[PDB]
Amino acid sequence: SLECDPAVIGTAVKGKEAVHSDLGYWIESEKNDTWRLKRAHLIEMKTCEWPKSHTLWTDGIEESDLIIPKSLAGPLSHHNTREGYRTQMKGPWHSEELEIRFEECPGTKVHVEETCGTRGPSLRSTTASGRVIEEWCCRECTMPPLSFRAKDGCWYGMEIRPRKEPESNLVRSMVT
């Protein structure tokens, strides 16, 4: 009864590309050389549960590995995963139009440094003053780095933290 309406759900695979689509959700996965989330575009956030009947590869997943959270109608699929990243509970979900993609934000860099901060609330790449933050670090995530493209700028994943920058000046999402 809490599932999204399957009347408008469209899921398809052909070869090495897959799409989990909805009215507002367009979730692309690829095989390279294992299946992973490629990019996603969400225009209307919703809180239903994506039905297993309209989902591919629903076996042996834990909700902690779902890139798009299950509570936000993220599909319970291995196609909704990426190595080195976990569920993005504290992401910039307040925005209306969201694009999830694996690319560095403009004028930014991410480094794999075990001497880096742990996962925390998602950080925007521009200060409240509006200035770019050049250097970011990661402890376990993989490259290219998970990013969020919204109206107000580029948001980085939780695993991605800034280098020698005070996380107190930055803008942080306050949703879960």
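In case it trips you up, residue 1 is the first one in the sequence shown, and so on.
Trainee: Output the stretch having the higher mean C-alpha B factor in the entry; the candidates are 149-157 and 15-23.
Mentor: If you average the C-alpha B-factors of 149-157 and of 15-23, the larger mean comes out for 149-157.
Trainee: Comparing 6-14 with 162-170, which stretch shows the greater average C-alpha B-factor in the deposited entry?
Mentor: If you average the C-alpha B-factors of 6-14 and of 162-170, the larger mean comes out for 162-170.
Trainee: Highest CA temperature factor in the entry: which of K38, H41, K109, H54?
Mentor: Answer for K38, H41, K109, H54: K109, with the highest C-alpha B-factor.
Trainee: For the C-alpha B-factor as written in the entry, point me to the maximum among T142, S64, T47, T127.
Mentor: Most elevated C-alpha B-factor of the set, per the entry: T127.
Trainee: Lowest, middle or highest third: where is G120 by C-alpha B factor in its chain?
Mentor: For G120, whose C-alpha B-factor we compare with every modelled residue in the chain, the answer is the middle third.
Trainee: Quick check on the deposited entry: does the C-alpha B-factor of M89 sit in the lowest, middle or highest third of its chain?
Mentor: As the PDB entry reports it, the C-alpha B-factor of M89 lands in the middle third of its chain.
Trainee: Looking at the temperature factor on the CA atom of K70, which third of the chain's modelled residues does it land in?
Mentor: Bottom third by C-alpha B-factor.
Trainee: Sorting by Cα B-factor within the chain, modelled residues only, which third would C105 end up in: lowest, middle or highest?
Mentor: Its C-alpha B-factor belongs to the highest third of this chain's values.
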